[PDB]
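K.L.:
Please see the structure below; I have some questions.
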Amino acid sequence: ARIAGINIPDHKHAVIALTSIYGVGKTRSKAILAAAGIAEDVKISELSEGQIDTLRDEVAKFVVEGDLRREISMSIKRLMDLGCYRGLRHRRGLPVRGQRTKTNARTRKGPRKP
Amino acid sequence: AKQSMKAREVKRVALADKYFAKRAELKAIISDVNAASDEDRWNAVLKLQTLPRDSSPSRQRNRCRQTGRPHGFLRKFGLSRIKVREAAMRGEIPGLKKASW
Amino acid sequence: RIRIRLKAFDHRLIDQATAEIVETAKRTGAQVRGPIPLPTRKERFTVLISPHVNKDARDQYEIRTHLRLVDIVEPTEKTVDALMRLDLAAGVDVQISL
Amino acid sequence: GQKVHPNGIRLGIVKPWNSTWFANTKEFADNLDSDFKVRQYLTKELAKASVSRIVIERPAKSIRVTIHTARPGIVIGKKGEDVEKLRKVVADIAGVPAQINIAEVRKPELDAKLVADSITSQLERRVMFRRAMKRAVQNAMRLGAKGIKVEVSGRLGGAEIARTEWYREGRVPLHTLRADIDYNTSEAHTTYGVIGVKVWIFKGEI
Amino acid sequence: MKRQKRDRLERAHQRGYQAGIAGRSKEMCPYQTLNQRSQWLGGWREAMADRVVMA
Amino acid sequence: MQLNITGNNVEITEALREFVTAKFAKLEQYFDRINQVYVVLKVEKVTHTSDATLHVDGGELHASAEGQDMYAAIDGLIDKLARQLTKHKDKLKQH
Amino acid sequence: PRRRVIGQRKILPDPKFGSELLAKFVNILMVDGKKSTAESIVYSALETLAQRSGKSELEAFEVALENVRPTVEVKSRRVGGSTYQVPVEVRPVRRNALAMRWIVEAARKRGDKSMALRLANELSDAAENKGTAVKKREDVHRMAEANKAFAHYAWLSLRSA
Amino acid sequence: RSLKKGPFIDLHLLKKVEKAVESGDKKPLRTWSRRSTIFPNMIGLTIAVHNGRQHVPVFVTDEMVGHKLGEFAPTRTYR
Amino acid sequence: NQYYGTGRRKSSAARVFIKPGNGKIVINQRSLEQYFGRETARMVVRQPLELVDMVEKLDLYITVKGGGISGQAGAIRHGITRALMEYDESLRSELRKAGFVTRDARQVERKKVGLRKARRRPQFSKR
RNA sequence: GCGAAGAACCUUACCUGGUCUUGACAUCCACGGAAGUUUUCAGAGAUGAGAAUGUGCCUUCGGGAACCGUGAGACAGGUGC
RNA sequence: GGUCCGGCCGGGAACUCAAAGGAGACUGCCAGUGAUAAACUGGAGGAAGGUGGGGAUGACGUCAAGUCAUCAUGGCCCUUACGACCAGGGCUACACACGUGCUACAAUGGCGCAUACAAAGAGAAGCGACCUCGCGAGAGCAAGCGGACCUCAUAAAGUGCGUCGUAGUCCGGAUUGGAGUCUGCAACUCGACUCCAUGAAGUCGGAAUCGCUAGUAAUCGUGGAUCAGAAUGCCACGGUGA
């Protein structure tokens with residue numbers, strides 16, 4: 001119950017249980033078990049350590065927690081350093097993709113202060 | 001509705017039938033995957049800017065042909081939704097009548 | 001072998017032009033497979049009825065396309081030219097197939 | 001502005017269509033457009049001919065305009081030349097050739113287009129609209145219409161407020177679908193603006 | 001969309017009962033036919049007692 | 001009670017919105033609990049007219065007042081609304 | 001309505017058991033226009049009502065139902081300023097439907113894992129005179145029997161049957 | 001994230017760059033073609049993209065290559 | 001010999017051929033249980049064969065098409081009663097009483113204009 | 001979730017700039033030219049400059065047409081109130 | 001009869017169906033009530049019984065309601081500009097307020113596998129099989145069809161099996177990053193979709209408020225118009241079904 005830095009659930013099935021890693025979801029999580037020879041419905045208590053070490057270097061291929069967080073921070077901070085339109089929206093907290101801003105915009109905005 | 005706009009529509013019909021469907025080979029034949037993907041293809045997507053911009057079929061608005069009204073058109077009739085009621089109740093569009101089921 | 005399909009807007013006019021061709025193909029030759037009806041196309045057109053606002057006031061319409069088959073089984077040369085020079089009742093459109 | 005058009009509500013039941021051509025969906029729009037332009041053109045040109053209604057048919061890449069008028073002598077003119085004078089300009093703006101006909105009405109006091117053109121022209125030359133609007137009702141009822149209703153609308157004598165009047169006499173059942181009602185509407189462009197005239201003429205039940 | 005409820009017979013009753021209770025000591029707003037006036041007045045006199053039993 | 005000003009051909013200035021709002025608030029406090037109020041200002045070449053729609057627990061109630069200077073029309077509309085409110089209020093007291 | 005003693009239609013009986021009361025009960029918790037899974041909830045609940053009760057299923061449901069069917073029901077009326085509730089007797093068509101609505105609501109509460117387990121336990125306590133719908137039954141009888149002093153004019157339940 | 005094959009430029013921007021690069025680093029290039037990409041032989045230039053009422057100059061930097069010219073010239077001004 | 005009844009219900013039409021035979025019911029070259037006989041309301045095809053007797057008396061060859069599950073089911077329920085035409089008004093006089101011969105002509109309504117799904121109106125609300 | 005049965009350009013009517021004036025659209029007068037077609041330069045394009053190609057319908061023949069340019073206005077135009 | 005048991009093939013015109021013509025439902029019959037009246041209540045027969053269900057149909061008028069931006073038109077105003085052409089932008093801005101909707105907050109469910117059943121419609125610079133390549137949006141080749149034939153086009157909810165065990169969870173799918181596809185000269189402002197990742201609010205909504213009486217409400221999918229591309233809207237159609 002320690003891969004990629006954390007991986008601590010138990011009593012869960014394996015392909016759902018790997019998805020607490022920041023960088024994996026239900027497709028890459030099936031790619032890990034299908035690429036590491038593990039059936040998808042086993043539990044983390046039911047894995048033996050001679051499988052779990054073969055899953056640690058397996059998930060060491062795709063980018064995980066820290067490298068992905070400083071990577072996405074490099075992307076957003078890069079755009080804000082260029083000062084393009086997208087990064088100009090990132091510097092101000094408004095929708096980047098071109099959503100409606102007259103009415104909703106409220107996930108990127110936050111709560112409503114007035 | 002603004003004779004300027006009405007003549008602008010038939011200008012775009014004229015150039016849209018003049019250039020393309022004769023020089024649609026610049027994209028439908030050249031801009032394809034083949035053994036010709038060198039700078040002939042870049043010469044093609046380079047070339048379509050030389051053509052008049054008002055020659056593409058997607059600058060058409062497909063207006064009514066009694067009023068030129070831009071909104072509320074019917075491709076079957078060629079008339080806007082006002083004039084087709086005006087001619088439908090008159091008895092012009094053949095076979096057309098009020099529907100109820 | 002001749003497949004005569006004809007479509008019109010009025011049922012009481014296409015059933016007139018059909019009797020104007022069964023008496024042809026039975027007047028000369030024989031072996032016609034009946035005035036076969038086909039399903040009616042029902043193009044429906046809903047339009048706004050005011051020149052402005054009042055969206056909910058509409059006007060629903062339809063045209064009717066009635067179709068009939070003929071199916072001459074064995075053609076005679078009086079029959080294939082009997083189809084010619086007889087194409088009246090404008091409102092009915094006819095197609096022959098071989 | 002709340003009634004159904006009483007010619008259009010009964011188009012399969014009583015009245016015939018003004019166009020009896022089949023066109024498939026590729027040529028229906030243009031086949032209706034030139035159909036419009038010969039009606040605008042003949043309506044503009046034969047304005048003195050007292051035209052009732054023109055019926056356009058398209059047999060086999062040709063056209064037939066049956067011209068319903070009251071005075072066919074002004075239509076055919078001297079010797080029948082003006083028919084061909086119309087037929088050349090019809091064939092120029094339609095699919096060549098053209099077989100135009102005349103189907104005159106011998107009772108023009110019962111046609112709703114000619115009553116409305118009568119009241120229209122008399123309001124254009126500034127007659128009293130009670131005299132014209134009432135004289136149309138008289139001339140239909142002493143000639144054999146089962147009902148009539150004339151309505152004029154607008155300035156009607158240079159008033160600053162528009163109003164309508166209507167002078168029905170007899171039965172005009174607008175809801176009975178088998179009831180034969182010739183409705184038509186014409187417009188009189190007076191120097192105070194537009195005066196709209198619409199006339200219902202009820203004739204029979206089948 | 002269906003047919004009338006208790007075809008004025010014992011509706012004529014409860015009209016005379018409501019009109020009996022809410023004053024109207026006229027007994028002069030009934031129907032005029034006999035089979036409905038009889039029990040408009042029937043509900044009226046059944047409503048006088050129900051006025052004595054309360055305020 | 002929030003109040004919603006709109007104007008057809010009448011440019012709603014900030015001094016105009018302050019006064020109308022004050023008058024409406026005063027009326028709301030005096031007669032009944034009011035949920036929402038829509039105000040419409042129209043000018044038709046002579047007549048400065050005003051419409052108001054109050055949404056109150058019983059329901060909608062509306063009034064309209066024509067005036068000379070817009071302010072007069074607003075005052076008339078507010079008095080009319082107050083009168084309507086008195087009727088609605090004890091119309092649903094009616095003990 | 002003002003008019004219309006309406007032309008009434010009947011219902012289809014239940015397939016697995018000879019009952020129309022049970023089919024009405026399926027139509028009560030038939031949420032969202034979907035009859036089949038409501039039938040699976042009802043059958044799955046009467047099975048464990050049989051195993052958790054011993055006796056048969058139709059009598060299990062009916063004995064579990066007659067401890068929540070009511071007799072008197074309040075009707076709120078206002079005269080002048082007061083707005084007191086007046087006890088009307090429930091008519092025996094409305095009676096069992098008004099029971100089953102309370103069973104089904106009290107099963108939509110109470111939350112266990114599954115709906116058949118919730119409704120099975122709720123019918124079990126309805127046999128035990130213990131659960132929620134018997135508390136609502138006794139609330140209705142306490143307030144109608146508490147407001148029992150009103151038997152009057154004409155706006156409710158004319159002479160007899 | 002569009003236009004599968006080849007970047008987009010106009011001939012009046014491509015020929016205007018290939019004219020004004022071999023002719024030395026010069027005056028800022030007024031451009032109206034906002035919709036065109038930024039090629040790596042445009043690095044080091046002051047091009048003035050038209051935003052609707054200005055021609056705002058932006059120095060082309062190395063990171064700006066995959067973008068378009070209108071991306072670095074805002075149109076609407078807020079506060 | 002062989003007897004026929006048509007039957008249709010809610011945009012769904014059956015063809016029922018009844019014969020004096022076993023107690024087997026075939027629907028669209030399938031059996032009843034493997035067509036819908038554990039699905040929603042399988043009782044309504046054996047139901048008109050309950051007020052009359054059917055046990056090993058008459059086999060049924062049914063081809064229903066169009067509509068959905070209960071539309072085909074009520075279609076077959078009407079088709080069987082129509083196919084009890086050689087078994088006369090001794091049976092159909094006692095088969096009027098429990099229904100089974102009304103077509104039950106309730107079709108889905110058309111969507112009216114302005115309304116969202118033929119009765120639902122788009123909520124003019126004060127809140 | 002109204003005109004709008006579908007605003008990237010067009011639509012588009014609004015804004016900033018770049019241009020035209022009997023005009024983008026219609027008629028009347030005169031003078032030239034077949035119309036049309038391939039290509040270059042400049043410019044954001046409109047536009048302006050060109051480079052070649054092209055020539056029947058009736059003999060009245062500077063034409064009768066269709067079409068294109070310049071000129072004078074009568075006007076045209078206006079989604080302006 | 002034949003069968004690669006596929007209406008597949010000879011064949012058949014019964015049945016579904018197509019859609020032209022007819023029949024049928026009118027208080028027609030019976031019993032009671034009623035002024036012997038109109039009518040009402042109940043019954044029979046019948047597919048339907050009391051204007052069968054639904055639609056179309058909107059009286060005289062009101063609101064000097066809406067539209068001079070569909071059009072037409074009286075008057076007024078501009079006519080080297082309020083007219084005309086082009087590029088770029090804006091119509092998509094956002095401290096906020098209101099209206100109409102979609103998706104949820106889950107176990108009557110989510111996910112995975114297998115599998116059953118519709119009606120209506122559209123299609124020629126258009127709809128686009130099959131077969132290869134791609135995880136996929138899609139790409140290449142390319143038949144067929146101006147269509148009861150060909151294509152869009154696998155209906156979905158449902159059903160059987162397995163798992164999840166009541167948690168912000170295997171709920172929810174917002175936002176954002178990367179990589180693409182298609183359309184169109186051209187997806188930056190500002191398109192749709194796909195893939196990987198990210199995983200917000202939300203645990204059923206105070207005061208106030210709306211629709212709905214039966215194939216209705218409520219849910220589930222499908223199609224059309226407008227359209228190069230762009231429906232959570234509109235207009236239609238069926239499924240389940242109180």
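Every chain in the structure tokens has a letter given in the order shown (A, B, ...), and although residue numbers restart at 1 in each chain, ligands are simply numbered from 1 in the order shown.
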Would you kindly return, as a PDB file with N, CA, C and O atoms (P, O5', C5', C4', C3', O3' and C1' of nucleotides), in the first residue's frame, each protein, DNA or RNA residue with an atom no farther than 10 Å from any atom of residue 112 (chain I), considering only C-alpha atoms (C1' of nucleotides) and excluding same-chain residues fewer than 3 positions away?

P.N.:
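Listing of out_12.pdb after writing:
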ATOM      1  N   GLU I 109     -50.538  11.141 -27.460  1.00  0.00           N
ATOM      2  CA  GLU I 109     -50.977  12.389 -28.060  1.00  0.00           C
ATOM      3  C   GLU I 109     -49.838  13.050 -28.817  1.00  0.00           C
ATOM      4  O   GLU I 109     -48.661  12.814 -28.545  1.00  0.00           O
ATOM      5  N   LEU I 115     -46.539  24.170 -25.874  1.00  0.00           N
ATOM      6  CA  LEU I 115     -46.489  23.222 -24.782  1.00  0.00           C
ATOM      7  C   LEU I 115     -45.296  22.307 -24.999  1.00  0.00           C
ATOM      8  O   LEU I 115     -44.865  22.095 -26.133  1.00  0.00           O
ATOM      9  N   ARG I 116     -44.755  21.764 -23.914  1.00  0.00           N
ATOM     10  CA  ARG I 116     -43.492  21.049 -24.051  1.00  0.00           C
ATOM     11  C   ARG I 116     -43.686  19.578 -24.392  1.00  0.00           C
ATOM     12  O   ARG I 116     -42.943  19.036 -25.210  1.00  0.00           O
ATOM     13  N   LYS I 117     -44.632  18.895 -23.762  1.00  0.00           N
ATOM     14  CA  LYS I 117     -44.867  17.495 -24.091  1.00  0.00           C
ATOM     15  C   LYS I 117     -46.354  17.151 -24.025  1.00  0.00           C
ATOM     16  O   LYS I 117     -46.752  16.107 -23.505  1.00  0.00           O
ATOM     17  N   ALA I 118     -47.170  18.036 -24.600  1.00  0.00           N
ATOM     18  CA  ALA I 118     -48.605  18.021 -24.890  1.00  0.00           C
ATOM     19  C   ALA I 118     -49.514  18.363 -23.715  1.00  0.00           C
ATOM     20  O   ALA I 118     -50.702  18.574 -23.943  1.00  0.00           O
ATOM     21  N   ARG I 119     -49.026  18.458 -22.481  1.00  0.00           N
ATOM     22  CA  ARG I 119     -49.808  19.152 -21.464  1.00  0.00           C
ATOM     23  C   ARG I 119     -48.935  20.133 -20.696  1.00  0.00           C
ATOM     24  O   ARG I 119     -49.400  21.210 -20.318  1.00  0.00           O
ATOM     25  N   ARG I 120     -47.663  19.786 -20.512  1.00  0.00           N
ATOM     26  CA  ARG I 120     -46.705  20.582 -19.750  1.00  0.00           C
ATOM     27  C   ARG I 120     -46.435  21.905 -20.457  1.00  0.00           C
ATOM     28  O   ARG I 120     -46.048  21.923 -21.626  1.00  0.00           O
TER      29      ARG I 120
ATOM     30  P     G K  54     -60.014  15.252 -25.958  1.00  0.00           P
ATOM     31  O5'   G K  54     -58.951  15.655 -27.068  1.00  0.00           O
ATOM     32  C5'   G K  54     -57.569  15.654 -26.768  1.00  0.00           C
ATOM     33  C4'   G K  54     -56.711  15.684 -28.007  1.00  0.00           C
ATOM     34  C3'   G K  54     -56.771  16.937 -28.853  1.00  0.00           C
ATOM     35  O3'   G K  54     -56.068  18.032 -28.308  1.00  0.00           O
ATOM     36  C1'   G K  54     -56.847  15.067 -30.257  1.00  0.00           C
ATOM     37  P     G K  55     -56.582  19.521 -28.595  1.00  0.00           P
ATOM     38  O5'   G K  55     -56.283  19.752 -30.140  1.00  0.00           O
ATOM     39  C5'   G K  55     -54.953  19.919 -30.592  1.00  0.00           C
ATOM     40  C4'   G K  55     -54.858  19.874 -32.092  1.00  0.00           C
ATOM     41  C3'   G K  55     -55.354  21.097 -32.834  1.00  0.00           C
ATOM     42  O3'   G K  55     -54.422  22.163 -32.821  1.00  0.00           O
ATOM     43  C1'   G K  55     -56.130  19.142 -33.908  1.00  0.00           C
ATOM     44  P     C K 235     -42.302  24.191 -29.347  1.00  0.00           P
ATOM     45  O5'   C K 235     -42.379  23.362 -30.700  1.00  0.00           O
ATOM     46  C5'   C K 235     -42.701  24.000 -31.923  1.00  0.00           C
ATOM     47  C4'   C K 235     -42.399  23.117 -33.102  1.00  0.00           C
ATOM     48  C3'   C K 235     -43.042  21.751 -33.082  1.00  0.00           C
ATOM     49  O3'   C K 235     -44.401  21.769 -33.448  1.00  0.00           O
ATOM     50  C1'   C K 235     -40.786  21.542 -33.716  1.00  0.00           C
ATOM     51  P     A K 236     -45.366  20.654 -32.841  1.00  0.00           P
ATOM     52  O5'   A K 236     -45.130  19.415 -33.799  1.00  0.00           O
ATOM     53  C5'   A K 236     -45.070  18.103 -33.276  1.00  0.00           C
ATOM     54  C4'   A K 236     -44.294  17.194 -34.183  1.00  0.00           C
ATOM     55  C3'   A K 236     -44.323  15.731 -33.802  1.00  0.00           C
ATOM     56  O3'   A K 236     -45.483  15.077 -34.255  1.00  0.00           O
ATOM     57  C1'   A K 236     -42.108  16.365 -34.186  1.00  0.00           C
TER      58        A K 236
END

K.L.:
Which residues in chain B does DSSP call strand (DSSP E or B)? List them as a ChimeraX atom specification.

P.N.:
/B:73,80,97-98

K.L.:
Would you mind exporting the chosen residues as a PDB file, in the first residue's frame, restricted to C-alpha atoms?

P.N.:
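Saved as part_31.pdb:
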ATOM      1  CA  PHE B  73     -35.553  30.958 -44.301  1.00  0.00           C
ATOM      2  CA  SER B  80     -38.939  33.641 -45.664  1.00  0.00           C
ATOM      3  CA  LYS B  97     -52.266  23.487 -46.939  1.00  0.00           C
ATOM      4  CA  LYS B  98     -52.827  23.667 -43.204  1.00  0.00           C
TER       5      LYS B  98
END

K.L.:
Could you please select, counting only C-alpha atoms, the residues of chain C within 7 Å of chain B and state them as a PyMOL selection string?

P.N.:
chain C and resi 9+47-49+51+60-64

K.L.:
Produce a file of the selected residues containing N, CA, C and O atoms, as a CSV table (one decimal), in the first residue's frame.

P.N.:
chain,number,residue,atom,x,y,z
C,9,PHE,N,-49.6,15.7,-56.2
C,9,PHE,CA,-50.0,16.3,-54.9
C,9,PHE,C,-51.5,16.1,-54.6
C,9,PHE,O,-51.8,16.2,-53.4
C,47,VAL,N,-44.1,27.3,-39.2
C,47,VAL,CA,-43.5,28.6,-39.3
C,47,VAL,C,-44.1,29.5,-38.2
C,47,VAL,O,-45.2,29.3,-37.8
C,48,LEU,N,-43.2,30.5,-37.8
C,48,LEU,CA,-43.8,31.6,-37.0
C,48,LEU,C,-44.7,32.4,-37.9
C,48,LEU,O,-44.6,32.5,-39.1
C,49,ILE,N,-45.8,32.9,-37.2
C,49,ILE,CA,-46.9,33.4,-37.9
C,49,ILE,C,-47.0,34.9,-37.8
C,49,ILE,O,-47.7,35.6,-38.6
C,51,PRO,N,-44.9,38.8,-37.7
C,51,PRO,CA,-43.6,39.4,-38.2
C,51,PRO,C,-42.6,39.7,-37.1
C,51,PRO,O,-41.6,40.3,-37.4
C,60,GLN,N,-48.8,25.5,-38.8
C,60,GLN,CA,-48.3,24.2,-39.2
C,60,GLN,C,-48.9,23.8,-40.6
C,60,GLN,O,-50.1,24.1,-40.8
C,61,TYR,N,-48.1,23.2,-41.4
C,61,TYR,CA,-48.4,23.0,-42.8
C,61,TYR,C,-47.9,21.6,-43.2
C,61,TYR,O,-47.1,21.0,-42.5
C,62,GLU,N,-48.4,21.1,-44.3
C,62,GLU,CA,-47.9,19.9,-44.9
C,62,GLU,C,-48.2,19.9,-46.4
C,62,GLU,O,-49.2,20.4,-46.9
C,63,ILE,N,-47.3,19.3,-47.2
C,63,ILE,CA,-47.6,18.9,-48.6
C,63,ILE,C,-47.7,17.4,-48.6
C,63,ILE,O,-47.1,16.7,-47.7
C,64,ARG,N,-48.4,16.9,-49.6
C,64,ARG,CA,-48.6,15.5,-49.7
C,64,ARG,C,-48.0,15.0,-51.0
C,64,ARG,O,-48.3,15.6,-52.1

K.L.:
Using only C-alpha atoms (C1' of nucleotides), which of the listed residues (K:16, K:33, K:183, K:62) sits closest to chain H?

P.N.:
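Once distances to chain H are computed over only C-alpha atoms (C1' of nucleotides), the minimum belongs to K:183.
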
K.L.:
Do you know which residues are at most 10 Å from residue 7 (chain E) counting only C-alpha atoms (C1' of nucleotides), after dropping those on the same chain fewer than 2 positions away, and could you put them as a PyMOL selection string?

P.N.:
(chain E and resi 3-5+9-12+36) or (chain G and resi 3) or (chain K and resi 40-41)
